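Peer 1: One file: work.cif (mmCIF, C-alpha atoms and all ligand atoms).
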data_start
#
loop_
_atom_site.label_atom_id
_atom_site.label_comp_id
_atom_site.auth_asym_id
_atom_site.auth_seq_id
_atom_site.Cartn_x
_atom_site.Cartn_y
_atom_site.Cartn_z
CA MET N 2 -3.46 30.42 1.02
CA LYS N 3 -2.64 27.10 2.62
CA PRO N 4 -5.76 25.17 3.67
CA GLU N 5 -4.40 25.36 7.28
CA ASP N 6 -4.38 29.26 7.03
CA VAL N 7 -8.04 29.11 5.86
CA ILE N 8 -8.83 26.75 8.83
CA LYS N 9 -7.06 29.16 11.29
CA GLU N 10 -9.44 31.99 10.18
CA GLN N 11 -12.53 29.74 10.18
CA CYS N 12 -11.72 28.67 13.81
CA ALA N 13 -10.90 32.30 14.92
CA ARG N 14 -14.58 33.24 14.02
CA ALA N 15 -16.22 30.01 15.42
CA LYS N 16 -18.13 29.87 18.81
CA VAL N 17 -17.09 26.18 19.29
CA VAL N 18 -13.87 24.49 17.96
CA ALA N 19 -13.31 20.71 18.15
CA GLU N 20 -9.55 19.90 18.01
CA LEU N 21 -8.56 16.88 15.83
CA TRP N 22 -5.01 15.58 16.49
CA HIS N 23 -3.45 13.72 13.53
CA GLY N 24 -0.13 12.15 12.36
CA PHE N 25 -0.12 13.31 8.68
CA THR N 26 3.23 15.10 8.06
CA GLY N 27 2.39 16.36 4.55
CA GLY N 28 1.76 15.22 0.99
CA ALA N 29 -1.71 14.18 -0.24
CA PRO N 30 -2.92 12.70 3.15
CA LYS N 31 -2.43 16.02 5.06
CA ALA N 32 -3.89 18.04 2.14
CA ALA N 33 -7.00 15.80 1.72
CA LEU N 34 -7.77 15.94 5.49
CA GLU N 35 -7.35 19.75 5.46
CA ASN N 36 -9.56 20.12 2.34
CA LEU N 37 -12.30 18.01 3.96
CA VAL N 38 -12.17 20.13 7.13
CA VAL N 39 -12.35 23.46 5.09
CA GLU N 40 -15.56 22.22 3.32
CA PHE N 41 -17.13 20.96 6.65
CA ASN N 42 -16.23 24.27 8.41
CA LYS N 43 -17.96 26.26 5.61
CA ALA N 44 -21.29 24.41 6.15
CA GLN N 45 -21.31 25.21 9.91
CA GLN N 46 -22.60 28.41 11.55
CA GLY N 47 -19.96 29.24 14.22
CA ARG N 48 -18.88 25.54 14.67
CA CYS N 49 -15.52 24.22 13.35
CA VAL N 50 -12.88 21.47 13.45
CA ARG N 51 -9.22 22.45 13.99
CA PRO N 52 -6.76 19.76 12.74
CA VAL N 53 -3.50 19.82 14.76
CA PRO N 54 -0.47 17.94 13.38
CA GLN N 55 1.41 16.06 16.17
CA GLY N 56 4.20 14.65 13.90
CA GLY N 57 3.82 10.99 12.87
CA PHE N 58 1.52 8.34 14.38
CA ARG N 59 3.84 7.38 17.30
CA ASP N 60 4.49 11.08 18.17
CA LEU N 61 0.64 11.39 18.22
CA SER N 62 0.03 8.56 20.78
CA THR N 63 2.93 9.84 23.04
CA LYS N 64 1.47 13.41 22.91
CA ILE N 65 -2.10 11.95 23.58
CA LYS N 66 -0.84 10.07 26.77
CA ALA N 67 0.94 13.32 27.93
CA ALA N 68 -2.38 15.22 27.17
CA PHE N 69 -4.16 12.85 29.64
CA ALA N 70 -1.35 13.40 32.19
CA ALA N 71 -1.61 17.25 31.60
CA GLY N 72 -5.48 17.06 32.03
CA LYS N 73 -6.24 18.56 28.52
CA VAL N 74 -7.17 16.32 25.47
CA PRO N 75 -8.50 17.26 21.99
CA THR N 76 -12.18 16.41 21.02
CA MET N 77 -10.95 13.91 18.36
CA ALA N 78 -7.74 12.03 17.37
CA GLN N 79 -6.52 9.39 14.95
CA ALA N 80 -5.90 6.00 16.66
CA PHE N 81 -4.79 2.49 15.69
CA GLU N 82 -6.84 -0.40 17.16
CA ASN N 83 -4.15 -1.05 19.83
CA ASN N 84 -4.26 2.71 20.84
CA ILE N 85 -8.13 2.42 21.23
CA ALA N 86 -7.47 -0.63 23.52
CA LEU N 87 -5.00 1.50 25.59
CA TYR N 88 -7.48 4.53 25.85
CA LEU N 89 -10.29 2.10 26.96
CA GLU N 90 -8.21 1.01 30.05
CA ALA N 91 -8.51 4.70 31.12
CA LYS N 92 -12.21 4.73 29.82
CA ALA N 93 -11.26 7.86 27.89
CA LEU N 94 -13.48 7.20 24.79
CA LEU N 95 -17.12 8.01 23.98
CA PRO N 96 -19.14 5.18 22.35
CA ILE N 97 -19.64 6.35 18.75
CA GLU N 98 -23.22 5.09 18.37
CA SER N 99 -24.26 6.97 21.65
CA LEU N 100 -23.11 10.16 19.82
CA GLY N 101 -25.75 9.45 17.14
CA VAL N 102 -23.34 8.50 14.27
CA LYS N 103 -24.91 5.95 11.80
CA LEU N 104 -22.47 3.10 10.94
CA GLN N 105 -24.65 0.94 8.60
CA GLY N 106 -22.77 0.57 5.29
CA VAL N 107 -19.23 0.76 6.92
CA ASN N 108 -17.13 -2.23 5.67
CA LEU N 109 -17.33 -4.98 8.40
CA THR N 110 -13.46 -5.58 7.94
CA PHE N 111 -13.08 -2.00 9.36
CA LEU N 112 -16.09 -1.83 11.72
CA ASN N 113 -15.27 -5.19 13.44
CA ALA N 114 -11.76 -3.78 14.18
CA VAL N 115 -13.21 -0.75 16.18
CA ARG N 116 -15.76 -2.84 18.19
CA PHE N 117 -14.61 -3.75 21.79
CA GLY N 118 -16.91 -5.87 24.05
CA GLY N 119 -19.57 -5.36 21.37
CA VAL N 120 -19.27 -1.52 21.46
CA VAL N 121 -17.92 0.67 18.58
CA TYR N 122 -15.33 3.21 19.94
CA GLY N 123 -13.82 4.40 16.59
CA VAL N 124 -14.89 5.59 13.13
CA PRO N 125 -12.69 4.06 10.36
CA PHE N 126 -11.27 7.11 8.51
CA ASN N 127 -7.92 6.51 6.71
CA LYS N 128 -7.54 2.67 6.37
CA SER N 129 -4.77 1.36 4.05
CA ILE N 130 -4.00 -2.07 2.63
CA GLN N 131 -0.57 -3.37 1.48
CA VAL N 132 -0.28 -3.74 -2.33
CA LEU N 133 2.50 -4.83 -4.72
CA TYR N 134 4.16 -1.79 -6.34
CA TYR N 135 6.20 -2.74 -9.36
CA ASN N 136 8.28 -1.36 -12.24
CA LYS N 137 6.17 -2.12 -15.32
CA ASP N 138 9.03 -1.15 -17.65
CA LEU N 139 11.60 -3.45 -15.99
CA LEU N 140 9.23 -6.53 -15.91
CA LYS N 141 8.42 -5.96 -19.69
CA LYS N 142 12.14 -5.60 -20.55
CA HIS N 143 12.77 -9.20 -19.28
CA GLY N 144 9.37 -10.77 -20.24
CA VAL N 145 8.47 -11.36 -16.53
CA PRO N 146 4.77 -11.72 -15.70
CA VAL N 147 3.53 -9.84 -12.58
CA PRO N 148 3.98 -12.61 -9.94
CA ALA N 149 0.67 -14.10 -8.55
CA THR N 150 2.24 -16.48 -5.96
CA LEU N 151 5.01 -16.20 -3.38
CA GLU N 152 6.92 -18.84 -5.38
CA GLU N 153 6.60 -16.70 -8.58
CA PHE N 154 7.59 -13.58 -6.64
CA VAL N 155 10.88 -15.09 -5.32
CA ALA N 156 11.58 -16.49 -8.84
CA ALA N 157 10.97 -13.07 -10.52
CA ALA N 158 13.18 -11.18 -7.92
CA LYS N 159 16.09 -13.64 -8.56
CA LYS N 160 15.69 -13.55 -12.40
CA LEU N 161 15.44 -9.72 -12.44
CA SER N 162 18.27 -9.17 -9.83
CA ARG N 163 20.65 -11.35 -11.83
CA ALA N 164 19.82 -9.52 -15.13
CA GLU N 165 20.13 -5.96 -13.64
CA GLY N 166 23.21 -6.63 -11.41
CA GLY N 167 21.44 -5.54 -8.15
CA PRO N 168 18.72 -6.57 -5.64
CA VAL N 169 15.30 -5.56 -7.13
CA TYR N 170 12.85 -6.44 -4.24
CA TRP N 171 13.14 -3.37 -1.93
CA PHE N 172 11.90 -3.56 1.69
CA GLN N 173 12.01 -1.91 5.13
CA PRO N 174 13.20 -4.41 7.78
CA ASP N 175 10.15 -3.63 9.99
CA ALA N 176 7.09 -5.36 11.54
CA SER N 177 4.80 -4.13 8.62
CA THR N 178 6.79 -5.93 5.84
CA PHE N 179 7.40 -8.96 8.17
CA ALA N 180 3.57 -9.25 8.56
CA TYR N 181 3.02 -9.77 4.82
CA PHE N 182 5.43 -12.75 4.72
CA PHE N 183 4.29 -14.13 8.15
CA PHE N 184 0.57 -14.02 7.30
CA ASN N 185 0.97 -15.64 3.88
CA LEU N 186 3.20 -18.49 5.27
CA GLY N 187 0.22 -19.47 7.56
CA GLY N 188 1.37 -17.47 10.61
CA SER N 189 -0.80 -16.23 13.45
CA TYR N 190 0.21 -13.89 16.35
CA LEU N 191 -2.31 -15.30 18.94
CA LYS N 192 -2.26 -19.04 19.87
CA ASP N 193 -5.01 -19.89 22.47
CA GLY N 194 -5.11 -16.16 23.43
CA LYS N 195 -1.32 -15.89 23.97
CA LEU N 196 0.95 -13.56 21.95
CA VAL N 197 3.59 -15.67 20.06
CA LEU N 198 6.42 -13.86 18.10
CA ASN N 199 8.79 -16.92 17.67
CA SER N 200 6.51 -19.49 15.98
CA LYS N 201 7.87 -21.65 13.10
CA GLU N 202 6.06 -19.34 10.55
CA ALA N 203 7.75 -16.21 12.10
CA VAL N 204 11.21 -17.92 11.87
CA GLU N 205 10.38 -18.98 8.24
CA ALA N 206 9.29 -15.40 7.24
CA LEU N 207 12.36 -13.67 8.80
CA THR N 208 14.64 -16.40 7.35
CA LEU N 209 13.16 -15.73 3.85
CA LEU N 210 14.00 -11.98 4.04
CA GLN N 211 17.49 -12.72 5.48
CA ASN N 212 18.18 -15.29 2.65
CA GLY N 213 16.90 -12.75 0.08
CA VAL N 214 19.54 -10.26 1.29
CA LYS N 215 22.30 -12.95 1.25
CA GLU N 216 21.25 -14.23 -2.23
CA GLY N 217 21.30 -10.67 -3.69
CA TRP N 218 17.56 -10.22 -4.62
CA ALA N 219 16.25 -8.33 -1.54
CA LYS N 220 17.57 -4.78 -0.74
CA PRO N 221 17.04 -3.47 2.85
CA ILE N 222 16.01 0.26 2.85
CA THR N 223 17.35 1.73 6.14
CA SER N 224 17.04 5.50 5.49
CA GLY N 225 13.59 6.98 4.62
CA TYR N 226 10.57 5.43 2.86
CA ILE N 227 11.17 3.11 -0.15
CA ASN N 228 9.62 5.84 -2.44
CA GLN N 229 12.37 8.27 -1.07
CA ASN N 230 15.18 5.85 -2.26
CA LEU N 231 13.92 5.24 -5.87
CA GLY N 232 16.46 6.28 -8.58
CA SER N 233 19.55 4.63 -6.95
CA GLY N 234 19.85 1.05 -8.30
CA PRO N 235 17.37 -1.17 -10.16
CA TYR N 236 13.86 -1.54 -8.60
CA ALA N 237 11.24 -4.18 -9.61
CA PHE N 238 8.95 -4.57 -6.61
CA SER N 239 7.93 -3.50 -3.11
CA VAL N 240 5.11 -4.59 -0.69
CA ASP N 241 3.85 -1.34 0.80
CA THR N 242 0.83 0.57 2.08
CA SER N 243 -1.72 1.84 -0.46
CA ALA N 244 -1.29 5.25 1.26
CA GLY N 245 2.17 5.45 -0.36
CA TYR N 246 0.42 5.66 -3.81
CA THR N 247 0.91 9.47 -4.49
CA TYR N 248 4.50 9.40 -3.10
CA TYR N 249 5.51 6.49 -5.47
CA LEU N 250 3.70 8.24 -8.39
CA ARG N 251 5.69 11.52 -7.86
CA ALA N 252 9.07 9.71 -7.22
CA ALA N 253 9.15 6.93 -9.88
CA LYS N 254 11.22 7.57 -13.01
CA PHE N 255 9.55 4.50 -14.64
CA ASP N 256 5.97 3.34 -15.40
CA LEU N 257 4.61 2.44 -11.90
CA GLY N 258 2.32 -0.60 -11.58
CA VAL N 259 0.05 -1.66 -8.65
CA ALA N 260 -1.06 -5.31 -8.35
CA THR N 261 -2.77 -7.52 -5.71
CA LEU N 262 -0.29 -9.32 -3.41
CA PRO N 263 1.23 -12.66 -4.26
CA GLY N 264 -0.54 -15.42 -2.35
CA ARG N 265 0.29 -19.05 -1.48
CA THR N 266 -1.59 -20.17 -4.65
CA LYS N 267 -3.37 -18.52 -7.61
CA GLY N 268 -6.74 -19.42 -5.91
CA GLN N 269 -6.64 -16.13 -3.90
CA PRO N 270 -4.43 -13.01 -3.56
CA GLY N 271 -2.14 -12.88 -0.50
CA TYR N 272 -3.43 -11.20 2.67
CA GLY N 273 -2.38 -7.53 3.05
CA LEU N 274 -1.77 -5.86 6.48
CA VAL N 275 -4.45 -3.16 7.27
CA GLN N 276 -2.81 0.11 8.53
CA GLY N 277 -3.92 3.79 8.77
CA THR N 278 -6.25 4.97 11.55
CA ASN N 279 -9.76 5.47 13.03
CA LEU N 280 -11.13 8.64 14.57
CA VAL N 281 -12.01 8.51 18.28
CA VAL N 282 -13.95 11.03 20.40
CA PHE N 283 -12.72 11.77 23.96
CA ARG N 284 -15.11 11.68 26.95
CA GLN N 285 -13.42 14.84 28.37
CA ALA N 286 -14.81 16.89 25.43
CA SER N 287 -17.73 19.31 26.13
CA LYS N 288 -21.29 18.42 24.93
CA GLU N 289 -20.94 21.19 22.30
CA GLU N 290 -17.51 19.86 21.02
CA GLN N 291 -18.99 16.30 20.91
CA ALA N 292 -21.97 17.61 18.77
CA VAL N 293 -19.36 19.09 16.29
CA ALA N 294 -17.61 15.67 16.38
CA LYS N 295 -20.93 13.91 15.63
CA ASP N 296 -21.61 16.19 12.57
CA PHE N 297 -17.97 15.87 11.44
CA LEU N 298 -17.94 12.04 11.66
CA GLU N 299 -21.23 11.82 9.68
CA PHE N 300 -19.66 14.17 6.97
CA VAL N 301 -16.46 12.00 6.85
CA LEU N 302 -18.59 8.87 6.32
CA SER N 303 -20.69 10.61 3.50
CA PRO N 304 -20.17 9.00 0.02
CA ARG N 305 -18.64 12.23 -1.49
CA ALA N 306 -16.12 12.82 1.39
CA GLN N 307 -15.01 9.16 1.19
CA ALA N 308 -14.80 9.26 -2.62
CA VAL N 309 -12.58 12.49 -2.64
CA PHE N 310 -10.39 11.29 0.36
CA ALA N 311 -9.62 7.77 -1.00
CA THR N 312 -9.04 8.92 -4.62
CA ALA N 313 -6.74 11.78 -3.41
CA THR N 314 -4.63 9.38 -1.29
CA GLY N 315 -4.80 5.62 -2.08
CA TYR N 316 -6.57 4.94 1.27
CA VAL N 317 -9.41 2.33 0.96
CA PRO N 318 -12.96 3.82 0.91
CA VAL N 319 -14.54 2.62 4.18
CA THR N 320 -18.24 2.59 3.04
CA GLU N 321 -20.25 0.72 0.42
CA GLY N 322 -21.83 4.09 -0.66
CA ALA N 323 -18.41 5.58 -1.59
CA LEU N 324 -18.14 2.96 -4.43
CA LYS N 325 -21.55 4.20 -5.78
CA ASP N 326 -20.51 7.88 -5.85
CA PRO N 327 -19.93 9.32 -9.36
CA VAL N 328 -16.63 11.08 -8.34
CA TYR N 329 -15.28 7.73 -7.20
CA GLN N 330 -16.58 6.08 -10.41
CA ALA N 331 -15.00 8.75 -12.72
CA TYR N 332 -11.56 8.32 -11.01
CA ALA N 333 -11.72 4.50 -11.13
CA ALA N 334 -12.75 4.56 -14.84
CA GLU N 335 -9.53 6.53 -15.67
CA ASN N 336 -7.20 4.66 -13.24
CA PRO N 337 -7.40 0.87 -12.71
CA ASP N 338 -5.26 1.18 -9.49
CA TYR N 339 -8.30 2.33 -7.45
CA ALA N 340 -10.16 -0.92 -8.21
CA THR N 341 -6.88 -2.91 -7.51
CA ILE N 342 -6.64 -1.28 -4.04
CA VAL N 343 -10.36 -2.10 -3.36
CA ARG N 344 -9.96 -5.71 -4.58
CA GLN N 345 -6.86 -6.14 -2.33
CA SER N 346 -8.89 -4.64 0.65
CA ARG N 347 -11.03 -7.81 0.50
CA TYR N 348 -7.96 -9.93 1.60
CA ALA N 349 -7.03 -8.08 4.78
CA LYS N 350 -5.44 -9.07 8.17
CA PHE N 351 -4.83 -6.98 11.33
CA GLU N 352 -2.04 -7.17 13.95
CA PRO N 353 -3.16 -7.83 17.57
CA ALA N 354 -5.26 -5.03 19.21
CA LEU N 355 -3.31 -5.29 22.55
CA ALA N 356 -2.68 -2.05 24.52
CA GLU N 357 1.11 -2.92 24.45
CA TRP N 358 1.24 -3.60 20.66
CA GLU N 359 2.67 -0.15 19.66
CA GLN N 360 5.75 -0.69 21.95
CA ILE N 361 6.08 -4.40 20.91
CA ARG N 362 5.81 -3.86 17.09
CA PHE N 363 8.55 -1.13 16.99
CA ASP N 364 10.86 -1.69 20.01
CA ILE N 365 10.73 -5.54 20.35
CA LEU N 366 9.70 -7.26 17.10
CA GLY N 367 10.92 -4.39 14.84
CA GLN N 368 14.31 -4.61 16.60
CA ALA N 369 14.60 -8.47 16.21
CA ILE N 370 13.82 -8.01 12.42
CA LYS N 371 16.61 -5.34 12.18
CA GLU N 372 19.10 -7.52 14.16
CA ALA N 373 18.43 -10.43 11.73
CA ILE N 374 18.44 -8.40 8.50
CA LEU N 375 21.13 -5.68 9.24
CA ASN N 376 23.39 -7.57 11.67
CA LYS N 377 22.88 -11.22 10.44
CA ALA N 378 21.53 -12.28 13.88
CA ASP N 379 20.11 -15.84 13.74
CA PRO N 380 16.35 -15.47 13.05
CA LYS N 381 15.21 -17.97 15.74
CA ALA N 382 17.61 -16.43 18.35
CA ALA N 383 16.42 -12.89 17.47
CA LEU N 384 12.72 -13.94 17.71
CA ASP N 385 13.31 -15.97 20.98
CA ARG N 386 14.70 -12.76 22.52
CA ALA N 387 11.63 -10.82 21.09
CA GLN N 388 9.27 -13.43 22.70
CA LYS N 389 10.95 -13.11 26.18
CA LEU N 390 10.95 -9.24 25.99
CA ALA N 391 7.22 -9.29 24.98
CA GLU N 392 6.22 -11.82 27.74
CA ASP N 393 8.12 -9.67 30.35
CA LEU N 394 6.29 -6.49 29.20
CA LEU N 395 2.75 -8.09 29.19
CA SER N 396 3.32 -9.80 32.60
CA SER N 397 4.62 -6.39 33.94
CA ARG N 398 1.26 -4.55 33.46
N1 LIG N 401 2.27 4.34 15.76
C1 LIG N 401 1.80 3.18 15.25
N2 LIG N 401 2.13 2.93 13.95
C2 LIG N 401 1.67 1.83 13.36
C3 LIG N 401 0.89 0.84 14.05
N3 LIG N 401 0.62 -0.16 13.13
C4 LIG N 401 1.23 0.21 11.94
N4 LIG N 401 1.89 1.38 12.11
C5 LIG N 401 2.64 2.31 11.22
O1 LIG N 401 1.63 2.89 10.34
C6 LIG N 401 2.27 3.13 9.06
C7 LIG N 401 1.41 2.88 7.84
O2 LIG N 401 0.33 3.82 7.87
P1 LIG N 401 -0.48 4.30 6.61
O3 LIG N 401 -1.59 5.20 7.05
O4 LIG N 401 -0.95 3.11 5.68
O5 LIG N 401 0.65 5.09 5.71
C8 LIG N 401 1.23 6.37 6.05
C9 LIG N 401 2.70 6.37 5.67
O6 LIG N 401 3.34 5.12 6.05
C10 LIG N 401 2.70 6.69 4.16
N5 LIG N 401 3.86 7.48 3.62
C11 LIG N 401 4.21 8.73 4.08
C12 LIG N 401 5.28 9.40 3.50
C13 LIG N 401 5.98 8.79 2.45
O7 LIG N 401 6.97 9.36 1.83
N6 LIG N 401 5.62 7.58 2.03
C14 LIG N 401 4.61 6.95 2.59
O8 LIG N 401 4.32 5.87 2.15
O9 LIG N 401 1.56 7.55 4.07
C15 LIG N 401 0.63 7.43 5.14
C16 LIG N 401 0.37 8.77 5.84
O10 LIG N 401 1.64 9.33 6.23
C17 LIG N 401 3.48 2.22 9.02
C18 LIG N 401 4.60 3.06 8.49
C19 LIG N 401 5.35 3.53 9.69
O11 LIG N 401 4.85 4.79 10.16
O12 LIG N 401 6.63 3.97 9.19
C20 LIG N 401 5.20 2.28 10.63
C21 LIG N 401 3.81 1.71 10.40
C22 LIG N 401 0.61 1.15 15.47
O13 LIG N 401 -0.07 0.34 16.12
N7 LIG N 401 1.07 2.29 16.01
#
Let me see whether you can do it: turn the structure in this file into structure tokens.
Peer 2:
Amino acid sequence: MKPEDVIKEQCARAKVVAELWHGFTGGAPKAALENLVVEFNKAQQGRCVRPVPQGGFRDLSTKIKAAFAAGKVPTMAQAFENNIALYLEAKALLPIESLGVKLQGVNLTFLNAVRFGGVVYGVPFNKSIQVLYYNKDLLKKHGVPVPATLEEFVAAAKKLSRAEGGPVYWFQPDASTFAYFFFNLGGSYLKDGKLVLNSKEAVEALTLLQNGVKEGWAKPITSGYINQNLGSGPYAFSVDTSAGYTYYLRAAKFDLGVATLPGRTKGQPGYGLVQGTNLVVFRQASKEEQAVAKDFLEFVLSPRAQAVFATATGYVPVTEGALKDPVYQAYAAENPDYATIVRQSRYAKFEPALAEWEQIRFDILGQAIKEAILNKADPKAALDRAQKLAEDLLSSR
């Protein structure tokens, strides 16, 4: 039986059912969430959670806005920080601490990100960090150390591309990959409270990617995830979410490595972009559904739930107690990549938490990155257009 069939039967027999809308489309993340819910539902007498897949994360936020418009919302949903900011304009969210959920021990990197006007409105659940995936076999073949600095990284990609006859640094031309390069060239998105997409560091980061394509060391991936394109052409490296860990492990026909990100200098790893989502609880839920949500959120933050979830997926454990749990410890003792993901989670940056950020990161900035990389648009001209389109949107609403 599929975990979802088990959940269907649990919920059919329950007196109260709290809907949880999510953007996991399959693989380990969907299975780990479903397994967690099956175990929680077994503990409860006539009280259950029903996970409902809404497609991916942007399908989820579109369907959540339409749910408001149709007058009928789930009890819980996954949300990015910028989605929480949007739902707060409508005052749609219950303060988490009012519900009774204890948040002491939640990483302050994650807890700070869910706190708005001093109030926590999300529970960090599935938080990822960017890591360096590499081909251990291909680096060994050419005597190339794992690069520790941006300078070393560019040098390695050129040395390995020339030897193997193809570009070996694989990337999606998207806001997530852009953020890695932007952040570690000294970039910041807010200057004196204003959103700035066309700063010198943004032009420098996009120009670096464009030059990498022209010089033959950077390969744009335009169809599917990087881990869905492995096997065609030489691969050395990618900068990608920790949540891609199980997908790379199943796809790679080589010895997969995971390292901390190249930084400006060897004094510190590079900053990784934090992705994945928080759980939120909707005000429109009944008292009884909100009690299920409270018990569910406390279960999700328990050291065992966090240990099983993060080791099944490559998401970062969100509590200090998860790291003390023997299941976590047994996994980490067999697999150094779990400690590498935790160490990289210490060097973590977020994108702006503006209500408009979902639309800006995909339709405005994402599109300028694609114009520059796929159609050789001038990076400054592409980003100047992105700045005007973003200013017009913010001024709009
Ligand atoms: N809607 C909305 N999206 C946002 C926002 N900020 C960032 N992002 C998106 O979050 C994804 C990162 O989230 P994360 O939980 O770390 O990783 C996801 C998947 O990315 C990754 N995955 C899935 C299948 C696969 O074959 N390989 C694989 O790696 O696994 C996880 C669960 O599906 C990025 C990826 C994107 O969806 O393509 C665009 C980015 C925002 O503000 N709004």
Peer 1: Around ligand LIG 401 (chain N), out to 7 Å and counting all atoms listed in the file, which residues are there? I want them as an MDAnalysis selection string.
Peer 2: chainID N and resid 24:26 30 57:59 62 81:84 127:130 177 226 228:229 242:245 248 276:278 358:359
Peer 1: Neighbours of residue N:267 within 12 Å (all atoms listed in the file; same-chain residues fewer than 6 positions away dropped), as JSON, numbers by chain?
Peer 2: {"N": [148, 149, 150, 151, 152, 153, 261]}
Peer 1: For atom CA of residue N:199 and atom CA of residue N:391, quote the distance in Å rounded to one decimal.
Peer 2: 10.7 Å
Peer 1: Provide the atom CA of residue N:373 to atom CA of residue N:155 distance in Å, to one decimal place.
Peer 2: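 A separation of 19.2 Å between them.
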Peer 1: With only C-alpha atoms as the basis for distance, which of N:197, N:67, N:262, N:15 is at the shortest distance from residue N:46?
Peer 2: N:15
